[PDB]
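Taking it in order: structure first as structure tokens, then the write-up.
Letters A, B, ... are given to chains in the order of the sequence lines, protein chains preceding strands, and every chain is numbered from 1.
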Amino acid sequence: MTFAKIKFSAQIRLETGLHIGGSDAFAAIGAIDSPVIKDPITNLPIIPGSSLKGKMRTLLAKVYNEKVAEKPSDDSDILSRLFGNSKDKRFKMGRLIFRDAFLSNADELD
RNA sequence: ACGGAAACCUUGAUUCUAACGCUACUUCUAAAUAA
């Protein structure tokens with residue numbers, strides 16, 4: 001059945017302080033010894049899509065993986081057909097296109 | 001037939017140890033002068 005794209009819009013609301021971290025160049029000057037990853041322009045906390053993708057894959061590896069996942073390349077067909085898999089024919093590119101997460105209630109916080 | 005595909009800046013770690021809201025202190029003194 002023909003092409004389709006389905007978008008799962010949501011609003012992540014931190015109930016506890018988030019520490020994705022990863023200060024490299026801009027956030028590296030944070031003077032905190034563990035700065036959260038920020039936007040280079042607006043200096044706003046950001047949840048990168050890699051964090052969501054990795055955490056979701058590692059969490060679903062405990063439910064939808066009948067064999068033990070020694071490596072992410074050896075993941076089950078279901079996980080590798082969504083998150084992708086570099087070492088197979090059909091599952092080279094996954095069906096999940098994650099996006100970064102930007103602050104949306106900055107005005108509310110003010 | 002995108003210098004592209006797969007990658008959690010993650011793992012553990014008590015803003016914790018010691019420290020008298022304490023010291024002296026009678027709810028008490030004075031009764032004049034007139035009758």
Side-chain angles (χ1 to χ4, degrees), chain A residues 1-66 68-69 72-73 75-86 88-110:
Chain A
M1 183 278 288
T2 61
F3 182 76
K5 289 205 154 81
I6 297 169
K7 182 175 73 175
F8 296 78
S9 296
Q11 295 298 289
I12 282 161
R13 186 179 295 276
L14 321 178
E15 294 294 328
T16 317
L18 183 63
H19 186 251
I20 290 282
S23 66
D24 318 308
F26 290 91
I29 297 169
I32 301 299
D33 291 331
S34 280
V36 192
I37 177 159
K38 293 182 183 293
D39 188 358
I41 307 184
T42 61
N43 262 331
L44 294 174
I46 190 167
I47 302 184
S50 193
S51 309
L52 294 152
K53 185 177 180 180
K55 181 69 176 177
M56 293 177 71
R57 172 160 214 178
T58 52
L59 280 183
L60 297 159
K62 293 182 183 293
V63 176
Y64 299 66
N65 188 358
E66 293 82 3
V68 176
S73 179
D75 291 331
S76 175
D77 63 358
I78 297 169
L79 283 71
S80 52
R81 83 198 177 186
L82 295 174
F83 301 96
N85 197 349
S86 179
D88 47 23
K89 299 291 180 68
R90 324 159 295 289
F91 304 141
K92 197 159 287 214
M93 186 66 204
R95 298 165 200 165
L96 286 194
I97 314 290
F98 286 88
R99 203 201 192 130
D100 291 331
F102 287 113
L103 294 174
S104 60
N105 64 22
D107 291 331
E108 183 178 1
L109 288 200
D110 287 288

Minimum-distance pair of heavy atoms, taken over all atoms of A:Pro72 and A:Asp75: O-OD2, 2.8 Å
Same-atom distance (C1') from B:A31 to B:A35, integer angstrom: 16 Å
Closest heavy-atom pair and its distance - A:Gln11, A:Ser104: OE1-OG, 3.2 Å
Touch class at under 4.0 angstrom, heavy-atom based, for A:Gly54 against every strand present: sugar-phosphate
Nucleotide B:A18: sugar north or south according to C1'-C2'-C3'-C4': north
A:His19 NE2 to B:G12 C1', straight-line distance once rounded to whole Å: 14 Å
Rounded distance (Å) that lies between atom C1' of B:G4 and atom NZ of A:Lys92: 10 Å
Sugar-phosphate only, base, or nothing, as touched by A:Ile20 at under 4.0 Å among non-hydrogen atoms: sugar-phosphate
For atom CZ of A:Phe83 and atom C1' of B:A6, their distance in whole Å: 13 Å
North or south sugar at B:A24 (positive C1'-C2'-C3'-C4' torsion counts as north): north
d(NZ, A:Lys55; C1', B:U11) in whole Å: 12 Å
Pair A:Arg90 + A:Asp77: basic N to acidic O under 4.0 Å: no
Cluster check A:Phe26, A:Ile32: I/L/V/M/F/W/Y, side chain < 4.5 angstrom: no
A:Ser50, nearest nucleotide to its side chain (from B:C9, B:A7, B:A5): B:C9
Length of the CG-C1' vector between A:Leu60 and B:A7, whole Å: 16 Å
B:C20 and B:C16, which share atom name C1', separated by this distance in whole Å: 22 Å
Rounded distance (Å) that lies between atom P of B:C9 and atom CD1 of A:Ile37: 7 Å
Glycosidic class, syn or anti, of B:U26 using a 90° window around 0: syn
Interatomic distance, A:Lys53 NZ vs B:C9 P [rounded to whole Å]: 12 Å
Nucleotide B:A19: sugar north or south according to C1'-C2'-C3'-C4': south
Nearest to side-chain heavy atoms of A:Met93, which nucleotide of B:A6, B:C9, B:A7: B:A6
Between P of B:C8 and CG of A:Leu18, the distance in whole Å: 16 Å
Minimal non-hydrogen separation, A:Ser76 against A:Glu66, with atom names: OG-OE1, 3.7 Å
Sugar-phosphate only, base, or nothing, as touched by A:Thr58 at under 4.0 Å among non-hydrogen atoms: base
Separation of the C1' atoms in B:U10 and B:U14, to the nearest angstrom: 22 Å
North (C3'-endo side) or south (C2'-endo side) for B:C8 via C1'-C2'-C3'-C4': south
